[PDB]
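The block underneath contains the structure these notes are about, expressed in structure tokens.
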Amino acid sequence: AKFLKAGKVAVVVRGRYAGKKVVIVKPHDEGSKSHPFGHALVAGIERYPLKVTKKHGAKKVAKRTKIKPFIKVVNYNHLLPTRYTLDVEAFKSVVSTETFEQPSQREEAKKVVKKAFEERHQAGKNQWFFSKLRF
Amino acid sequence: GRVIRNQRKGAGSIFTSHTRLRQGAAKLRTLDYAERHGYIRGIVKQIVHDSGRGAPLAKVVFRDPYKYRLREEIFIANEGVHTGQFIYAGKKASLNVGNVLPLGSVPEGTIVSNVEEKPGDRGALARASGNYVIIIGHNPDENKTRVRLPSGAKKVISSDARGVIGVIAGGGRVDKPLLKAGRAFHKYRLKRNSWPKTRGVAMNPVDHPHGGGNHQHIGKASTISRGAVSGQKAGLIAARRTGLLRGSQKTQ
Amino acid sequence: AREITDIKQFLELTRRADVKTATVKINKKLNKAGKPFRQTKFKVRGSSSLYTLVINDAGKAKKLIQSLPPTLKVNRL
Amino acid sequence: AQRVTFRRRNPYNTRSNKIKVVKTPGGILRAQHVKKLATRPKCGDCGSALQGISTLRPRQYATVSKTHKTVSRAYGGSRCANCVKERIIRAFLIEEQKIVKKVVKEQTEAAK
Amino acid sequence: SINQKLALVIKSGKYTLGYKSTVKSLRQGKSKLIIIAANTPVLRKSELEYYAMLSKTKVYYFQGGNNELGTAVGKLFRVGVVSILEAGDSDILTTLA
Amino acid sequence: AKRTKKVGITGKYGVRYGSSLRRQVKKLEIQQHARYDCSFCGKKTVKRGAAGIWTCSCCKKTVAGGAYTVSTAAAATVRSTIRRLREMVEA
RNA sequence: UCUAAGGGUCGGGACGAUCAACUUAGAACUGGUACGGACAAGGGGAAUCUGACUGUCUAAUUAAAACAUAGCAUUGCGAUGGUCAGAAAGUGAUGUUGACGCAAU
RNA sequence: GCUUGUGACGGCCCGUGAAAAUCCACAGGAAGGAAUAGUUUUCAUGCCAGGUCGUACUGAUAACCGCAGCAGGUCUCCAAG
RNA sequence: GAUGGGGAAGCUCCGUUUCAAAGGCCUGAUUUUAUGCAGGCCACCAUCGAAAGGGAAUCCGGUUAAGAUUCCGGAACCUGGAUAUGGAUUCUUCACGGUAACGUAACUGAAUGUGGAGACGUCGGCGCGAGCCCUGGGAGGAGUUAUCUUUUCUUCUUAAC
Ligand SMILES: CN[C@@H]1[C@@H](O)[C@@H](O[C@@H]2[C@@H](O)[C@H](O[C@H]3O[C@H](CN)CC[C@H]3N)[C@@H](N)C[C@H]2N)OC[C@]1(C)O
Ligand SMILES: CN[C@@H]1[C@@H](O)[C@@H](O[C@@H]2[C@@H](O)[C@H](O[C@H]3O[C@H](CN)CC[C@H]3N)[C@@H](N)C[C@H]2N)OC[C@]1(C)O
Ligand SMILES: [Mg+2]
Ligand SMILES: [Mg+2]
Ligand SMILES: [Mg+2]
Ligand SMILES: [Mg+2]
Ligand SMILES: [Mg+2]
Ligand SMILES: [Mg+2]
Ligand SMILES: [Mg+2]
Ligand SMILES: [Mg+2]
Ligand SMILES: [Mg+2]
Ligand SMILES: [Mg+2]
Ligand SMILES: [Mg+2]
Ligand SMILES: [Mg+2]
Ligand SMILES: [Mg+2]
Ligand SMILES: [Mg+2]
Ligand SMILES: [Mg+2]
Ligand SMILES: [Mg+2]
Ligand SMILES: [Mg+2]
Ligand SMILES: [Mg+2]
Ligand SMILES: [Mg+2]
Ligand SMILES: [Mg+2]
Ligand SMILES: [Mg+2]
Ligand SMILES: [Mg+2]
Ligand SMILES: [Mg+2]
Ligand SMILES: [Mg+2]
Ligand SMILES: [Mg+2]
Ligand SMILES: [Mg+2]
Ligand SMILES: [Mg+2]
Ligand SMILES: [Mg+2]
Ligand SMILES: [Mg+2]
Ligand SMILES: [Mg+2]
Ligand SMILES: [Mg+2]
Ligand SMILES: [Mg+2]
Ligand SMILES: [Mg+2]
Ligand SMILES: [Mg+2]
Ligand SMILES: [Mg+2]
Ligand SMILES: [Mg+2]
Ligand SMILES: [Mg+2]
Ligand SMILES: [Mg+2]
Ligand SMILES: [Mg+2]
Ligand SMILES: [Mg+2]
Ligand SMILES: [Mg+2]
Ligand SMILES: [Mg+2]
Ligand SMILES: [Mg+2]
Ligand SMILES: [Mg+2]
Ligand SMILES: [Mg+2]
Ligand SMILES: [Mg+2]
Ligand SMILES: [Mg+2]
Ligand SMILES: [Mg+2]
Ligand SMILES: [Mg+2]
Ligand SMILES: [Zn+2]
Ligand SMILES: [Zn+2]
């Protein structure tokens, strides 16, 4: 259809976040005075959670579940749309033009997105988004 | 009196192959579970020039079945094999230019290269630039395969013996005139010390059988028996015939 | 082997640790287009590098020579 | 008009004797030995000289800080990143097209 | 012939040429059908494939090269992928396609 | 202006070696230097070096060819007898 | 002693100003008709014999028409093989080779 | 302009023109790690050490080889008007 | 060219990964205590062989009857080892930033796998660099000066890092 829309997951193809799966949030179909080009606003996963097993102890799993996020403006051309989708929900308000340009908002935004992703990950809703793409 | 040139050669002081620049000994994969039972895939990484070889070489990396590692092999590139192509090894691989299949696993009429004389020897027959063999029939009982070699002779081999589809690259070298001595010079620089050749009759009789005489001439039949002796054998050696060949070649 | 801009950093260097010796150089130099002027160079001998600060006008210089602590043995020219 | 001599006991013009001619505070010409220009590293995938990476000779790379010897993206000091972009698309598409083919077996399994 | 349909799409209709633009079409969805030159690589095939399934756009594989599919649009260079924006007078997509 | 009536690339060898051999070479030197079309990127940027080895200027595809020409007669007429031969075991 | 041609760099609400070179051609005049003024620097032509050619050799009497070459032809060999080495070997050269190959004329 | 270095290119091949020590990096994710504080040496600054053998001079119409302070022979760098 | 080996009456000949049971490291486990046992690695199997090949790192000034990239003065660099303070990192634990190419004073990483550099012909023109060559102004010094010549000659430099 137009697969650029809120819920869509994509794979970042460039720019230090490359290889990590992001969910779109606020697609700006056309441009802006700064970024004059089609760009999404994505909440991604930087440091993925690790493998877990039946023998993984109490705090081991409590450790291995932690997740480092990131929040990125992406040229559409630097995204590779996945068929998969994860529904935005809590971070609809988090990820916005305002959050960027000052760090104080990004940091708290990442904090939310942190609690957001871990909560969806435990109780493995949207399993693909947290499974590391390997190349 | 003396020791003739071809005699001196088996000692190999100056007569050993000029080996320094060569990509490696070109061989098939070792025959293992994958090849003799299933197939296994590899990519030819680059194809490359061997020194003193007319045939290009394909470097083909596979994965190691029993340990994590990449195992690179040296193949004689059949014509059409290209960097980035996937090559397939063993029985259940399909029939395409470049793969390597047991002789039993191809139909008759297949044209195939670098084939083993015995299964697992990692390839012998038709490795020269442009050569190849043709399968003529099989014998599924005591699985055998008959093949026509580059020389034209036909041979029975085992159907477990492999060989690689297609013809060797670099065919056609022997048409272009060498055109001068330098081209012949550098041709043998990177081969071994064969060049140039002094004619046995230009020598003195201590040097050669053909040596000696107040005219340059051979003075006895230049055809020498099989049962001759080292330093007796220079000439047309155990020749069944001699003289200009008239009429057609291409035996039965 | 290094040159220094910051006047303050220079001071924290002049009192620093293993710095037992400094030196001060004065060069006749012609300012900008026309005239001459008194240029002064502050050289501090470190254990690895010799850091040096060039104070262009003699005003900042005059007050800085005072900014040098004692027990720093300073060769004048 | 000044003529110069080698500074080391090797008289011969080999790779390692390269000589820059120089004028010193003395005001005379003097030889100085130059090392061999070190070559830019190459992307281990495509082979192009990979940017962001300092070019020195190999034991010098142990005397330098790591922000020289890598760049900020995965496969930083290794592949040229249009080649890593390649590894991105190709990975994803091949791991995707896998599922399709695992699905289409599960069709032809009971639907044959 | 399948080539002659393009003759009509080209004069009487809207189209774009080349990978970088035929992704912009599929992204915005503006493309009804894209056509692929047989020799183009499979990573680009799968991409242009997968970009199409997400845009619900049919794709037909032109049998021939890029120097031909470019002549088939009457342009003097080579093109791997033509994206069909607005169908012309021709029947085009309603076909075998 | 046109330069040589006959010899062309062979004028390098001057008067030497006899005319037959010179021409007999001319064919193959012209075969081996030529720019060829590339099966992959569809450009005429294929060219030789190291007889038997043909690469594309761009696109960096490299194919094992004939000695003085990319596709040798016996090659393709073998390759197509391979195609026909697998169809037998396709059907 | 002159003439002509062959350039760089600027700004534009048709060109100008400016920097820099030693090429080429042409014209005058001039002389004990001399002037590539020393130095430097092919003699040319017509034929017979012979080797195609560049290459090579008798250090210390032969540099050739002799050797070598590209080219032409012939012979052997499918590895349990050809040719060749060692007293022998559980040893070796060709051989990191495979007839568009190696070996012998 | 001359010597030399280097760069991007093109010609050449039945010639396509070393090896190893070595050094860096990527992949990976064992493991270890904070809040009364935990982490770090690939950032800075600082402290100690670096042995053994050779080092003179000739290198050629006298320092070498040719019985010699022999018109012979003996590898190479620099190179003004 | 040693070695288990195989020849050879023997001096010795062959063989260098070869019909060979061919070892060496990272950590714990000691808290009798100094290092046995716990792992998991790695099985790659002498050594000689380049004062022109490969290669960690220094320069300038001064100095002797004779030595100097070696001494002296000054300014550096590499390597091995010890280590402390600052800076950085973190309550979103293992840095942020830029669409991207990439940035940076730092910004954990074992087994194992991979990649690059070591690391490579030749000839041709074309671009650039250094040093040399020619040269204008001026500041010094010396030469010629019956005549001529704002003239002839010379100093006017800048190392590694
Ligand atoms: C004062 N000069 C320096 C001092 O600053 C300090 O420098 C070390 C330096 O030797 C290290 O470097 C060393 O160790 C590296 C591996 N750890 C490899 C390269 C090696 N030079 C740096 N990584 C950290 C500095 N603080 O320790 C060594 C020194 C020479 O004393
Ligand atoms: C190898 N070159 C040789 C060169 O060695 C020399 O050969 C003479 C040789 O002709 C002399 O020998 C001659 O005279 C001898 C006395 N009458 C008898 C033998 C005869 N050949 C011998 N003394 C050896 C060489 N110095 O002069 C002849 C030559 C062929 O050029
Ligand atoms: Mg269990
Ligand atoms: Mg004898
Ligand atoms: Mg192998
Ligand atoms: Mg022929
Ligand atoms: Mg010879
Ligand atoms: Mg001969
Ligand atoms: Mg002969
Ligand atoms: Mg004779
Ligand atoms: Mg005899
Ligand atoms: Mg005779
Ligand atoms: Mg004769
Ligand atoms: Mg005869
Ligand atoms: Mg006889
Ligand atoms: Mg010296
Ligand atoms: Mg000097
Ligand atoms: Mg960098
Ligand atoms: Mg340092
Ligand atoms: Mg950098
Ligand atoms: Mg012409
Ligand atoms: Mg006259
Ligand atoms: Mg004359
Ligand atoms: Mg005459
Ligand atoms: Mg004459
Ligand atoms: Mg001759
Ligand atoms: Mg000549
Ligand atoms: Mg000779
Ligand atoms: Mg003689
Ligand atoms: Mg002669
Ligand atoms: Mg003839
Ligand atoms: Mg026998
Ligand atoms: Mg034999
Ligand atoms: Mg026999
Ligand atoms: Mg033939
Ligand atoms: Mg030179
Ligand atoms: Mg090359
Ligand atoms: Mg990593
Ligand atoms: Mg600092
Ligand atoms: Mg000396
Ligand atoms: Mg001396
Ligand atoms: Mg003498
Ligand atoms: Mg003497
Ligand atoms: Mg003597
Ligand atoms: Mg021995
Ligand atoms: Mg040694
Ligand atoms: Mg050396
Ligand atoms: Mg050294
Ligand atoms: Mg001296
Ligand atoms: Mg930082
Ligand atoms: Mg490793
Ligand atoms: Zn790349
Ligand atoms: Zn191509």
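Chain identifiers are assigned as A, B, and so on, following the order in which chains appear in the structure tokens; residues are numbered from 1 within each chain, and ligands are numbered from 1 in order of appearance.
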
For residue 23 in chain H, please output as a ChimeraX atom specification all residues within 8 Å (counting only C-alpha atoms (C1' of nucleotides); exclusion window: fewer than 2 positions along the same chain).
/D:58-62 /I:117

Using only C-alpha atoms (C1' of nucleotides), find the residues of chain B whose closest atom to chain G is at most 7 Å away, then write them as a count of residues only.
39

Near-ligand residues for ligand 38, threshold 9 Å, only C-alpha atoms (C1' of nucleotides) and all ligand atoms, as an MDAnalysis selection string
(chainID D and resid 74:75) or (chainID H and resid 26:29) or (chainID I and resid 109)

Point out the residue among A:14, A:106, A:78, A:2 with the least atom-to-atom distance to chain E, counting only C-alpha atoms.
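Using only C-alpha atoms, chain E sits closest to A:2.
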
Counting only C-alpha atoms, figure out which residue out of E:16, E:66, E:46, E:31 gets nearest to chain D.
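Among E:16, E:66, E:46, E:31, it is E:46 that comes nearest to chain D.
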
Residues of chain B that approach ligand 11 to 8 Å or less, counting only C-alpha atoms and all ligand atoms: could you list each one with the shortest pair of atoms and its distance in Å to one decimal, rows by chain and increasing residue number, as a Markdown table?
```
| residue | atom | partner | partner_atom_place_in_ligand_line | distance |
| --- | --- | --- | --- | --- |
| B:1 | CA | ligand 11 | 1 (Mg) | 6.3 |
| B:2 | CA | ligand 11 | 1 (Mg) | 7.6 |
| B:205 | CA | ligand 11 | 1 (Mg) | 5.3 |
| B:206 | CA | ligand 11 | 1 (Mg) | 5.4 |
| B:207 | CA | ligand 11 | 1 (Mg) | 6.9 |
| B:208 | CA | ligand 11 | 1 (Mg) | 5.5 |
| B:209 | CA | ligand 11 | 1 (Mg) | 4.5 |
| B:210 | CA | ligand 11 | 1 (Mg) | 7.9 |
| B:211 | CA | ligand 11 | 1 (Mg) | 7.5 |
| B:231 | CA | ligand 11 | 1 (Mg) | 7.9 |
| B:232 | CA | ligand 11 | 1 (Mg) | 7.7 |
```

Filtering to C-alpha atoms, could you give me those residues as a PDB file, in the first residue's frame?
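And here's result_34.pdb as it stands now:
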```
ATOM      1  CA  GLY B   1      82.403 -41.349 -23.325  1.00  0.00           C
ATOM      2  CA  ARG B   2      80.323 -38.543 -21.842  1.00  0.00           C
ATOM      3  CA  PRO B 205      80.359 -38.171 -30.559  1.00  0.00           C
ATOM      4  CA  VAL B 206      81.414 -38.077 -26.911  1.00  0.00           C
ATOM      5  CA  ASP B 207      78.447 -35.767 -26.327  1.00  0.00           C
ATOM      6  CA  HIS B 208      75.718 -37.507 -28.328  1.00  0.00           C
ATOM      7  CA  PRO B 209      74.905 -40.596 -30.357  1.00  0.00           C
ATOM      8  CA  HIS B 210      74.056 -38.237 -33.214  1.00  0.00           C
ATOM      9  CA  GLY B 211      77.348 -36.434 -32.531  1.00  0.00           C
ATOM     10  CA  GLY B 231      72.237 -42.958 -23.038  1.00  0.00           C
ATOM     11  CA  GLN B 232      71.380 -45.139 -25.993  1.00  0.00           C
TER      12      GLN B 232
END
```

Could you list the protein, DNA and RNA residues that have any atom within 9 Å of ligand 39, counting only C-alpha atoms (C1' of nucleotides) and all ligand atoms, and write them as a PyMOL selection string?
(chain H and resi 43-44) or (chain I and resi 87+105)

Can I get the selection written as a PDB file, in the first residue's frame, with N, CA, C and O atoms (P, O5', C5', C4', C3', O3' and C1' of nucleotides)?
```pdb
ATOM      1  P     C H  43      45.270   5.545  24.234  1.00  0.00           P
ATOM      2  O5'   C H  43      44.241   6.681  24.645  1.00  0.00           O
ATOM      3  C5'   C H  43      43.709   7.555  23.665  1.00  0.00           C
ATOM      4  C4'   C H  43      43.407   8.913  24.246  1.00  0.00           C
ATOM      5  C3'   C H  43      44.512   9.544  25.075  1.00  0.00           C
ATOM      6  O3'   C H  43      45.530  10.149  24.299  1.00  0.00           O
ATOM      7  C1'   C H  43      42.466   9.736  26.230  1.00  0.00           C
ATOM      8  P     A H  44      47.041  10.163  24.845  1.00  0.00           P
ATOM      9  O5'   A H  44      47.029  11.258  25.996  1.00  0.00           O
ATOM     10  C5'   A H  44      46.672  12.602  25.723  1.00  0.00           C
ATOM     11  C4'   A H  44      46.664  13.415  26.990  1.00  0.00           C
ATOM     12  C3'   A H  44      47.948  13.356  27.805  1.00  0.00           C
ATOM     13  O3'   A H  44      48.922  14.284  27.339  1.00  0.00           O
ATOM     14  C1'   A H  44      46.078  12.979  29.222  1.00  0.00           C
TER      15        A H  44
ATOM     16  P     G I  87      38.495  15.580  36.851  1.00  0.00           P
ATOM     17  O5'   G I  87      38.575  15.160  35.315  1.00  0.00           O
ATOM     18  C5'   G I  87      38.769  16.124  34.286  1.00  0.00           C
ATOM     19  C4'   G I  87      38.868  15.460  32.935  1.00  0.00           C
ATOM     20  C3'   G I  87      37.647  14.659  32.513  1.00  0.00           C
ATOM     21  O3'   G I  87      36.622  15.454  31.956  1.00  0.00           O
ATOM     22  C1'   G I  87      39.556  13.332  32.222  1.00  0.00           C
ATOM     23  P     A I 105      38.946  15.141  19.916  1.00  0.00           P
ATOM     24  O5'   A I 105      39.946  14.668  21.057  1.00  0.00           O
ATOM     25  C5'   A I 105      41.078  13.866  20.752  1.00  0.00           C
ATOM     26  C4'   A I 105      41.257  12.776  21.773  1.00  0.00           C
ATOM     27  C3'   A I 105      40.015  11.928  22.013  1.00  0.00           C
ATOM     28  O3'   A I 105      40.399  10.608  22.378  1.00  0.00           O
ATOM     29  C1'   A I 105      40.619  13.003  24.013  1.00  0.00           C
TER      30        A I 105
END
```
